[PDB]
Amino acid sequence: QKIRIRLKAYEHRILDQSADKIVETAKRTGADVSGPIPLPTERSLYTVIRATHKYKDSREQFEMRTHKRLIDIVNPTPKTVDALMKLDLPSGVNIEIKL
Amino acid sequence: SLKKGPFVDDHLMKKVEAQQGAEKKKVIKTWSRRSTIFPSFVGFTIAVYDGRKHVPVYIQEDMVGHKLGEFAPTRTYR
Amino acid sequence: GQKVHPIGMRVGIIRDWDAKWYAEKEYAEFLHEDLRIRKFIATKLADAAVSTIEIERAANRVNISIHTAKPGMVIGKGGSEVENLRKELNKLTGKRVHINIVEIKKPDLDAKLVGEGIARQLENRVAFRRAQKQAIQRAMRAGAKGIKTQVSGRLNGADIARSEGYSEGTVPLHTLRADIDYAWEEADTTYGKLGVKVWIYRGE
Amino acid sequence: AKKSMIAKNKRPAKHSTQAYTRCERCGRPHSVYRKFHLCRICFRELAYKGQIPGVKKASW
Amino acid sequence: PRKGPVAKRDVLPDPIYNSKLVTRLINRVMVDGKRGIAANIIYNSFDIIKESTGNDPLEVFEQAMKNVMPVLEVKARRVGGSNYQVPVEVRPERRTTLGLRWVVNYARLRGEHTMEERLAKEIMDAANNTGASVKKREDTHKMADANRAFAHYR
Amino acid sequence: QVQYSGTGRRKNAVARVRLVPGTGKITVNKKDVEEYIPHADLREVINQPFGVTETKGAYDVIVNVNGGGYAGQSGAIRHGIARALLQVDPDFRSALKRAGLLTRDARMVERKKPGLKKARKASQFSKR
RNA sequence: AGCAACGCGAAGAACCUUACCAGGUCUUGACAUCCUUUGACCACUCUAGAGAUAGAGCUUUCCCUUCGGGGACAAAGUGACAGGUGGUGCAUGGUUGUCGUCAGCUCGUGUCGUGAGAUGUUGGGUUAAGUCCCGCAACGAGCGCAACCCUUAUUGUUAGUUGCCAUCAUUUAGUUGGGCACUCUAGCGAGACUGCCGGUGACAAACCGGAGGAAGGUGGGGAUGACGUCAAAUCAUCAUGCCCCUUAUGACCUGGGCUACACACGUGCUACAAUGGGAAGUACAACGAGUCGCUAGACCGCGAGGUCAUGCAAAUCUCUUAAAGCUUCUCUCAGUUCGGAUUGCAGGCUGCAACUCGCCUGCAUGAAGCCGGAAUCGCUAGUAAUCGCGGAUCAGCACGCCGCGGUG
Ligand SMILES: [Zn+2]
């Protein structure tokens with residue numbers, strides 16, 4: 001509703017931590033923030049041969065999960081915009097605010 | 001399947017246009033085995049490099065849609 | 001070849017990535033920039049005994065932190081060397097960089113430090129049997145549940161290669177909640193290359 | 001010859017279908033992943049050490 | 001195996017006739033896991049049985065089974081470098097196993113234009129002491145009760 | 001009205017079943033169970049809980065099913081119908097319990113391993 | 001290069017890749033540092049050439065100034081030097097295969113032995129297990145085994161959008177009003193322990209049976225591979241000791257092999273039909289991928305495809321109405337309405353360009369093959385057998401590889 005967040009990360013611990021940060025500092029100055037809704041956690045898969053020259057019949061498999069989290073804000077106020085676009089922690093987590 | 005106009009090379013077509021006037025020479029020596037045999041190549045004698053040498057091929061009329069590489073093989077069996 | 005890398009078996013379980021940034025559609029460039037960075041700063045490391053390096057990055061700045069055992073001999077007199085580190089790293093990354101230097105405590109309980117030090121004796125014509133023994137002796141006195149070392153190659157600067165190491169205390173490898181450390185270095189005396197490996201168990 | 005070929009790989013190609021990928025640490029031309037720009041067995045080497053962010057060993 | 005005997009693989013009695021024997025017969029006709037085809041085949045065959053000179057498909061099927069199943073099978077064994085064959089008894093599950101197996105095998109080789117025209121016809125010929133299935137049983141009984149010679153003290 | 005709801009799972013298929021007094025009938029995904037699963041006789045697998053306990057009518061059954069194949073999402077329907085019947089009267093948890101009809105079948109598709117043709121089938125071998 | 005080489009390095013040979021061959025070319029050099037003159041280098045256009053290159057045209061042009069310097073760079077000089085997929089896996093590091101996920105390998109204090117050494121770690125039972133019990137000059141301990149990690153089988157709670165629609169109106173419809181009940185998604189917790197009940201057995205460990213429960217005896221599957229063996233494999237991923245080349249074993253370009261064919265061996269796909277072939281109708285999944293990419297829809301073409309155009313950086317849109325299945329109508333046991341090799345003609349798509357040497361379409365042709373000797377292989381349950389779908393690599397190119405689910 002005319003303001004909403006999106007957060008991607010590789011660790012759900014950091015993800016939930018920052019989601020609680022934003023939810024708390026949002027409902028401190030406003031009201032009615034839709035919960036941190038979870039999204040379905042994309043996954044990839046990489047198979048590789050673990051030997052430099054021969055032996056195709058023995059491999060090692062890797063992956064990279066990407067956790068997702070959604071937060072929608074209802075009825076912002078000329079102070080929520082301020083108190084939201086300023087908090088920034090932590091480092092390796094993607095934030096994308098679309099109106 | 002180049003239904004957007006068949007394919008010659010500029011050097012090859014330049015040479016053939018240049019000799020189009022009079023009776024022709026056997027010295028048209030090009031590598032160019034990708035080119036097709038336009039209906040103006042008749043009567044000449046093209047030299048087609050086969051990876052080792054320059055084979056001459058005399059262009060009759062029945063050979064008018066094929067390529068210049070179809071008349072100079074490369075493998076040498078028996 | 002029948003053992004897994006002990007700090008790749010445990011990454012994403014009890015330890016973290018030494019590179020913590022999230023990016024998409026700018027991922028190859030970032031990974032090779034980190035590689036360039038880390039392959040460069042092995043310049044001062046040649047003397048200052050650095051162990052790890054942690055790369056984070058923001059909108060256009062790059063936050064770096066390095067763990068060393070020589071704080072003054074890496075920052076300068078009054079701050080005249082970190083200046084150079086930043087003004088040199090800007091020439092590569094073309095961004096703003098901010099080194100935040102950490103200092104390491106108990107440096108004898110670190111795999112890269114120990115192994116790299118006991119792989120510098122081999123170059124100075126020292127016998128290997130007592131290098132490893134004194135290494136594990138000065139690693140146990142700092143207080144450690146177990147340690148294991150191993151050297152390989154043409155020993156004594158001699159003919160056909162062999163291998164041998166020494167163990168002290170327990171070093172359980174199959175336990176996933178173990179917090180072990182590991183590193184692999186190289187050196188030469190005059191013949192070929194040697195490989196030194198070191199594992200230290202520091203509780204969980 | 002593997003120092004002239006890395007040079008010849010980085011100059012602009014003579015035709016569209018003449019460019020090809022190589023590894024960036026080494027110059028291996030076979031089996032490179034084009035999300036990382038790393039070959040078959042630098043991937044397995046930098047996945048350990050936890051340098052590539054994301055990637056880890058998979059089991060299910 | 002080596003450790004010791006194993007279980008018996010419980011079966012699920014089919015719901016039409018509520019008879020585990022029809023279940024095993026469906027399982028033996030089926031090839032490649034296409035079970036609905038096998039079920040259609042068995043049901044068309046039983047329809048053909050009852051419609052033409054029949055009383056009930058279970059009755060004539062049981063009697064055909066009774067007339068085909070064997071009671072004396074032999075086993076060719078090795079001792080120390082010379083091999084022979086000796087008769088032995090036959091436990092119950094093996095009996096119905098062999099019965100079903102022979103009936104299906106020798107209906108599959110009939111030579112008409114439908115598996116039903118083969119199966120119904122063959123188990124009718126079987127419930128009247130006829131058909132290569134009964135002859136296979138009697139070949140077995142004749143091999144036994146003769147090769148008891150080099151079996152009398154085995 | 002009164003109604004009874006249960007949830008049934010089998011082999012990548014999940015069903016949401018509703019019991020409602022009536023005259024004995026079942027419709028699934030706005031179609032008739034004679035047409036939705038018209039295979040041969042899987043319906044006689046579905047109507048088994050009514051056959052063993054609460055014998056035997058009369059409830060109209062309305063179900064919402066999605067996932068798996070035609071034979072998985074009928075064992076799932078059976079699972080759900082049984083759970084719903086349990087909900088009606090708890091005294092049924094013995095007759096149903098005796099005849100299976102109350103447990104989830106945890107027989108899923110085994111995963112493929114590398115170096116093998118399938119989950120367990122290996123390549124062809126030659127001693128020489 | 002037996003098991004442990006032979007759909008293996010190669011997860012993509014038309015040019016490139018490319019190391020090989022034939023012709024055309026260069027020598028401080030395709031790539032790096034230094035020192036000096038110094039210093040801002042270009043790109044673009046036109047003739048000759050198969051190109052590599054050479055010859056001419058607007059010009060590579062101070063971005064720090066205290067008048068005094070430093071960054072990028074072409075040429076030259078200038079030689080230190082570079083360069084090698086050249087040799088040695090029997091000089092090496094590192095990284096793998098196999099015995100084999102088999103159950104083993106050692107120490108401290110005692111005791112025994114003149115001594116090297118032994119005991120423990122032997123014996124009975126049991127166990128998947130050097131896993132446990134009983135006995136015993138032994139008593140304890142370490143790495144191995146098992147546990148801690150992942151996924152699947154049941155559920156409580158927190159959160160309802162892009163997911164869902166049970167109680168309501170509405171339309172083509174979950175769509176729009178409404179709701180978060182149900183399914184689902186994903187964080188945090190519960191639950192399985194021989195934990196109770198009966199028998200066997202040295203009362204012991206353990207085994208057999210029952211109750212309850214979604215699940216019962218390491219519930220199912222993965223990751224995890226000890227001390228060691230084969231001078232096993234790899235100087236061609238990368239490094240590196242010694243040896244070798246240096247106007248050539250280095251380097252640039254076009255065209256040709258790597259795809260050649262009297263044959264022999266391995267791994268696969270399609271069939272030899274009626275449990276089938278053909279025509280019409282009706283259904284049911286899961287894992288994954290997408291920005292110069294995935295293409296909705298409408299139209300043109302018998303078809304592969306083409307044109308105009310639409311949504312989506314994604315639980316929102318698309319790839320994607322799965323195929324076996326079910327229901328009708330045929331065909332009648334035949335080298336055939338089975339089979340689809342080979343050849344003729346005409347097209348499409350990517351690409352500067354499909355002759356050697358690509359994939360696909362249509363019409364025409366219609367081979368061997370009627371279940372395969374000696375011998376030999378895979379597999380113990382959602383497994384074998386059978387059926388499709390996705391993606392890494394990649395302009396294009398898969399019967400191979402990695403995963404997913406359906407019937408069973
Ligand atoms: Zn690489």
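What follows draws every value from the coordinates through simple rules; no lab data is involved. Positions of Cβ are generated from backbone atoms using ideal geometry, with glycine treated the same way; all protein chains shown enter the neighbour counts.
Quick notes
- B:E70-D:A1 FRET efficiency (beta carbon distance; Förster radius 41 Å; 0.05 resolution): 0.70
- Our summary gives chain A a relative contact order of 49 percent, counting only alpha carbon pairs under 8 angstrom and 6 or more residues apart.
- Each Cα pair under 8 Å and six or more residues apart adds its sequence gap; the mean of these over the residue count of chain B is a relative contact order of 27 percent.
- Its residue count N sets the reference 2.2 N^0.38 Å, and the alpha-carbon radius of gyration of the stretch C:138-196 equals 1.38 times that reference.
- Here the stretch C:16-105 is treated as a Stokes sphere of Kirkwood radius computed over C-alpha pairs; at 4 °C and 1.567 mPa s its diffusion coefficient rounds to 95 µm²/s.
- Checked against a 22 Å cut-off, the cross-linked pairs B:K26/B:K67; F:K11/F:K56; C:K39/D:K57; C:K3/E:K3 give Cα-Cα distances beyond that limit for F:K11/F:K56; C:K39/D:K57; C:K3/E:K3.
- Rounded to the nearest 500, the 222 nm mean residue ellipticity of chain B from helices alone is -4000 deg cm²/dmol, with -39,500 (n - 2.57) taken per DSSP H run of at least 4 residues.
- By definition, a body whose alpha carbon gyration tensor gives a ≥ b ≥ c is prolate when a/c is 1.5 or more and a/b is larger than b/c, and chain C fits this prolate description.
- Dipole of chain A computed with +1 at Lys/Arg Cβ and -1 at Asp/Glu Cβ about the Cα centre; of A:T25, A:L45, A:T66, farthest Cα towards the positive end is A:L45.
- The stretch C:123-199 and the stretch C:1-30 have Cα centres separated by 25 Å.
- For the residues of F:115-126, the average number of beta carbons from a partner chain within 10 Å of their own beta carbon is 1.
- Per-residue mean of C-beta atoms belonging to partner chains within 10 Å, peptide C:24-30: 3
- Dipole of the protein assembly as shown, positive end: most advanced residue of F:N66, C:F128, F:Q1 [Cβ charges, Cα centre]: C:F128
- Chain B: C-alpha gyration tensor shape, a/c 1.5 cut-off, then a/b vs b/c: oblate
- Per residue of peptide C:8-21, the mean number of Cβ atoms on other chains within 10 Å of the residue Cβ is 6.
- Calculated [θ] (222 nm, deg cm²/dmol) that DSSP helices of n ≥ 4 give over chain A, each run adding -39,500 (n - 2.57): -6500 deg cm²/dmol
- Chain D - percent relative contact order, Cα under 8 Å, separation 6 or more: 18
- Shape summary: the stretch C:106-204 maps onto an equivalent ellipsoid whose semi-axes, from the alpha-carbon gyration tensor, are 25, 13, 11 Å in decreasing order.
- The charge dipole of chain A, taken about its Cα centre with unit charges on the Cβ of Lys, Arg, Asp and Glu (plus for the first two, minus for the last two), comes to roughly 220 debye.
- Shape index of chain A: Rg/Rh, with Rg the Cα radius of gyration and Rh the Kirkwood radius from the inverse mean 1/r over Cα pairs, equals 1.22.
- Nonlocal amide H pairs with A:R69, under 5 Å, H built at 1.01 Å: A:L7, A:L39
- The C-alpha atoms of chain A define a longest principal axis, and helix A:12-27 lies at about 10 degrees to it.
- Working ranking of peptides F:87-94, D:12-19, B:27-34 by packing, defined as the average number of other Cβ atoms within 10 Å per residue, highest first, is B:27-34, F:87-94, D:12-19.
- Sorted peptide list for A:7-14, C:165-172, A:40-47, criterion being average Cβ within 10 angstrom, highest first: A:7-14, C:165-172, A:40-47
- Sequentially through the stretch E:112-119, phi angles give Karplus couplings (6.51, -1.76, 1.60; θ = phi - 60°) of 10, 9, 6, 4, 6, 3, 8, 6 Hz, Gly and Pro residues having no value and appearing as x.
- Among B:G51, B:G21, B:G65, the residue with the largest mean-square fluctuation in a Gaussian network model of chain B, with springs joining Cα atoms closer than 10 Å, is B:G21.
- Of the residues C:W199, D:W60, C:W184, the one with the fewest other Cβ atoms within 10 Å heads the list, and the complete ranking is D:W60, C:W184, C:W199.
- Partners for E:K8 among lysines (Cα-Cα distance below 21 Å; same-chain residues under 8 apart left out): E:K20
- The eigenvalues of the Cα gyration tensor, multiplied by 5 and square-rooted, give the protein assembly as shown an equivalent ellipsoid with semi-axes of 66, 47, 38 Å from largest to smallest.
- Rg/Rh for chain E stands at 1.04; both radii use Cα atoms, and Rh follows the Kirkwood definition.
- Whichever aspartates and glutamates have a C-alpha closer than 13 Å to that of D:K10, once near sequence neighbours (fewer than 8 apart) are set aside: D:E24
- Only helices enter this figure: runs of n ≥ 4 DSSP H residues, each worth -39500 (n - 2.57), summed and divided by the residues of chain C, yield -7500 deg cm²/dmol at 222 nm to the nearest 500.
- Protection proxy ranking, peptides F:68-77, F:35-44, average beta carbon neighbours within 10 Å, highest first: F:68-77, F:35-44
- Cα gyration tensor category, rounded, prolate or oblate, for the stretch F:50-107 with a/c compared to 1.5: oblate
- Mean projected area of the convex hull spanned by the Cα atoms of chain D, taken over all viewing directions: 5.6 nm².
- Cα gyration tensor of the stretch C:59-126 - equivalent ellipsoid semi-axes, whole Å, descending: 29, 14, 13
- Counting neighbouring beta carbons within 10 Å and listing from fewest to most, the residues A:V81, C:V198 come out as A:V81, C:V198.
- Residues of type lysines that A:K27 reaches as a straight line, Cα spacing below 23 Å, ignoring anything fewer than 8 places off in the same chain: A:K2, A:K8, A:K68, A:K79, A:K86, A:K98
- For chain F, the extents of the C-alpha atoms along the principal axes are 73, 33, 22 Å, listed from largest to smallest.
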